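To find a chain, count down the sequence lines: A is the first, B the second, and so on, and within it residues start at 1.
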Amino acid sequence: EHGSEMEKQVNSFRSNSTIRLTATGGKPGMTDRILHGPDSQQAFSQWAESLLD
Amino acid sequence: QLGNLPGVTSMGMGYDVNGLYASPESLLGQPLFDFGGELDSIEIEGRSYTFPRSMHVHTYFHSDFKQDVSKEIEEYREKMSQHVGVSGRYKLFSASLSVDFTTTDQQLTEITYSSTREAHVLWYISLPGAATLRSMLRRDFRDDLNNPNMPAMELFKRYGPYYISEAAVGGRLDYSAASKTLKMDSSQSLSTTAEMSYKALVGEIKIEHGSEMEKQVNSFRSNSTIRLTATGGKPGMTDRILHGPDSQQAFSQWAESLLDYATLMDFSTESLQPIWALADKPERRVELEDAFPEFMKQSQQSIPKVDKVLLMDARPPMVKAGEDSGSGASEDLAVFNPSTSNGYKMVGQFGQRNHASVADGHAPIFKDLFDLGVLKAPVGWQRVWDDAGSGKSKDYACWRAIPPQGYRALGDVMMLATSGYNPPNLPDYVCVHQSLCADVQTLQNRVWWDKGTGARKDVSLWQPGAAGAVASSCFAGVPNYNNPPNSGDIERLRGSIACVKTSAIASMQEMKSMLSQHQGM
């Protein structure tokens, strides 16, 4: 939730950490979109539903 | 065939001029013309397209930005109909209203109607003039058009009264807003705020967090009903652009898709041309043209409006709010507040020339039923008068609501027999927006004045009135004993105090009855 204590804590974590997302298995080329790019929740759900293939 | 250039199938089609604005959805069935089977080819951004030789194509990869904005629905309709080729001053494209706005907002008053359209033109297609097309008519259209026993109404039902002669092809977004501007910190123009909201949404601007522009746009969005409609372009993108996770990306997908999903999506001054100009005989051109007003009659009816936006309770409970006991004024004064609840609001005190425990009358209370922001709290209170100099230990004062910009107070409030000049504490006092009020014209039936008190300053409480305003139950202080007050005293009230129009007001029962004649409310 915007304005929450958890938002403050997470914003603080992100802007004072170097963060990477690395995928082993799953649809390739999805981690950049999940981490940064346009639609991270959709890109994640595509990776998750892709796992069988 | 007519080739594969997008838009070609729209050209020379009848159009429902009462339908949507520049959309394929308002094209009408039968093609009017035979455009020849010979085709030109054209290169447009690496791809080959074909179209009939008789049509002309002008590529122009660019964005036209247009806004039609108005506080008045009928003016919005007129503005939207300008410069599309329909001679006369007709209100066109009536079906787009319910596409763009809820039926409630259409009928409500104090709503600002905006259409902010960004047209992504890839090319224009244009036809020959009427006189060239006359030799290119399809058989049954030619027969019907030129048969003098085929009446105008049928001809117009079958073919449309106008056809598409020129059209922009690509995709268009319509960011349409029904805004309650009276709730909206309205310093910057609504049309600019709408523009910025649209542009931030699609990422043409980024708005800085904590900016003035952010405040203005947030205010616009949370006090408007907003829709995004796409004509042409990849379908099912508008929900993501408007609301969903990544609107700037969803928009760029729609924008880069336009070549593959291009349709007729905009009109120029030459777009719609009348079928009557195609008739062989001048007598036939004229009789068809004369029939256009009756074809359009139903479409030109005004949108029904809810002008009665204040719900009045004329007989609320009156509670005593002081006497001038101890003031030394010759006359007695008692004042009474109406009790308020359920979103009903006080606009003034009731005043009496006596000391009774009971009010001689009632001060009405008003409720902003449709939440239009027509009632708004005062920004503060100033003194018309106090008892400084009377030497009485307790204090007596007449206060005025200082209205926020654009609003007016309907009555003053006396504070009587106080310890210090304590200002009114009336959480449910409101001012009323200018639009619902009339400037004070008369000041009659004096309630009271302070003479005898021996205060340096003077005051008299008068009943305000205006042509068309409800007979007021409230008072206004004049800082002198003029009897009756002169036009200078009346002028002093202008911009600050007013009377509330009968046309803006209705009782519980009148509101039920008025609303039962408006569909979907």
Side-chain angles (χ1 to χ4, degrees), chain B residues 1-17 19-66 83-86 92-93 95-96 99 117-130 132-133 136-138 141 159-160 162-174 229-235 237-238 254-275:
Chain B
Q1 296 280 124
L2 296 170
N4 69 335
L5 180 75
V8 171
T9 59
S10 301
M11 299 313 289
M13 283 309 101
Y15 199 86
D16 181 358
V17 299
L20 307 180
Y21 176 88
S23 168
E25 289 190 71
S26 291
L27 299 166
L28 300 175
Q30 288 112 325
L32 276 37
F33 311 104
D34 174 359
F35 289 112
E38 297 100 342
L39 304 173
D40 243 310
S41 84
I42 189 191
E43 205 238 63
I44 294 175
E45 287 198 35
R47 307 178 184 192
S48 210
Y49 288 106
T50 56
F51 57 96
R53 256 168 211 289
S54 55
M55 307 186 186
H56 279 197
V57 175
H58 283 88
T59 71
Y60 185 20
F61 186 106
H62 82 304
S63 284
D64 284 323
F65 186 84
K66 273 177 266 238
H83 300 288
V84 304
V86 177
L92 305 176
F93 317 126
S96 66
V99 168
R117 311 195 292 284
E118 186 177 56
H120 292 245
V121 180
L122 305 171
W123 50 86
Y124 305 95
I125 317 175
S126 58
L127 298 184
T132 299
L133 291 165
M136 292 162 71
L137 303 183
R138 296 221 71 96
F141 176 54
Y159 299 103
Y162 281 78
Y163 66 89
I164 300 294
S165 188
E166 195 179 71
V169 179
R172 190 174 89 238
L173 294 183
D174 288 354
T229 304
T231 305
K234 190 175 199 222
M237 301 298 279
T238 60
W254 177 91
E256 75 193 328
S257 87
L258 293 175
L259 198 53
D260 309 304
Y261 293 94
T263 67
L264 170 151
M265 46 66 67
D266 211 4
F267 288 161
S268 77
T269 56
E270 298 304 322
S271 289
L272 294 166
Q273 293 299 317
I275 62 164

Enquirer: Taking only residues at least two apart or on different chains, which pairs with a member in residues 24-41 of chain B satisfy side chain to side chain donor-acceptor pair (under 3.5 Å)?
Expert: none

Enquirer: Sequence neighbours excluded, which residues qualify as side-chain contact (heavy atoms from CB on, under 4.5 Å) partners of B:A22?
Expert: B:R172, B:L264, B:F267

Enquirer: Taking all non-hydrogen atoms of both residues, which atom of B:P52 and which atom of B:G36 are closest, and how far apart?
Expert: CB-O, 4.3 Å

Enquirer: Counting C-beta onward and ignoring hydrogens, is there a side-chain heavy-atom pair between B:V84 and B:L92 closer than 4.5 Å?
Expert: yes

Enquirer: Counting C-beta onward and ignoring hydrogens, is there a side-chain heavy-atom pair between B:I125 and B:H56 closer than 4.5 Å?
Expert: no

Enquirer: Measure across B:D266 and B:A119 and return the closest heavy-atom pair with its distance rounded to 0.1 Å.
Expert: OD2-CB, 3.4 Å

Enquirer: Count the heavy atoms belonging to other residues, nucleotides or ligands that lie under 6.0 Å from NZ of B:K234, then report whether that count exceeds 12.
Expert: no

Enquirer: Does NZ or CZ of B:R117 fall inside the cone over B:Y21's six-membered ring, less than 6.0 Å from its centre and within 45° of the axis?
Expert: yes

Enquirer: Just to verify, what does B:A230 make a side-chain contact (heavy atoms from CB on, under 4.5 Å) with, not counting sequence neighbours?
Expert: B:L173, B:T238, B:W254

Enquirer: What's the shortest heavy-atom distance between B:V169 and B:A262, and which atoms?
Expert: CG1-CB, 3.7 Å

Enquirer: Report yes if the side chains of B:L32 and B:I275 come closer than 4.5 Å at any heavy-atom pair, otherwise no.
Expert: yes

Enquirer: If the threshold is 4.0 Å, N to carboxylate O, is there a salt bridge linking B:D260 and B:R47?
Expert: yes

Enquirer: Could you go through residues 4-13 of chain B and list every donor-acceptor pair under 3.5 Å that involves a side-chain atom there, pairing it with any protein atom two or more places apart or in another chain?
Expert:
{"residue": "B:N4", "atom": "OD1", "partner": "B:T50", "partner atom": "N", "Å": "2.6"}
{"residue": "B:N4", "atom": "OD1", "partner": "B:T50", "partner atom": "OG1", "Å": "3.1"}

Enquirer: How long is the gap from CG on B:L122 to OG1 on B:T59, to the nearest 0.5 Å?
Expert: 9.5 Å

Enquirer: B:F33 vs B:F35 aromatic rings, parallel, tilted or perpendicular, using cut-offs 30° and 60°?
Expert: tilted

Enquirer: For the residue pair B:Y15 and B:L27, establish whether any side-chain heavy-atom pair is separated by less than 4.5 Å.
Expert: yes

Enquirer: Could you tell me if the side chain of B:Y162 sits less than 4.5 Å from the side chain of B:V86, heavy atoms only?
Expert: yes

Enquirer: Can you tell me how far the CD atom of B:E166 sits from the CG atom of B:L272, to the nearest 0.5 Å?
Expert: 10.5 Å

Enquirer: If you round to the nearest 0.5 Å, how far is CD of B:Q1 from CZ of B:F51?
Expert: 16.0 Å

Enquirer: Tell me every residue that passes ring pair (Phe, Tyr, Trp, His ring centres under 6.0 Å) with B:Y49, counting only those two or more places apart in sequence or in another chain.
Expert: B:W123

Enquirer: Quick check against the 3.5 Å criterion: does B:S271 have a side-chain atom that pairs as donor or acceptor with the backbone of B:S268?
Expert: yes

Enquirer: Please confirm whether the backbone N or O of B:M265 pairs with a side-chain atom of B:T231, one donor and one acceptor, at under 3.5 Å?
Expert: no

Enquirer: Report, as yes or no, whether the 6.0 Å neighbourhood of atom OH on B:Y60 holds more than 12 heavy atoms from other residues, nucleotides or ligands.
Expert: no

Enquirer: With sequence neighbours left out, write down each residue that passes side-chain contact (heavy atoms from CB on, under 4.5 Å) with B:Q273, or none if nothing qualifies.
Expert: B:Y163, B:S165, B:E270

Enquirer: Are B:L28 and B:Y159 side-chain neighbours, meaning at least one heavy-atom pair lies under 4.5 Å?
Expert: no

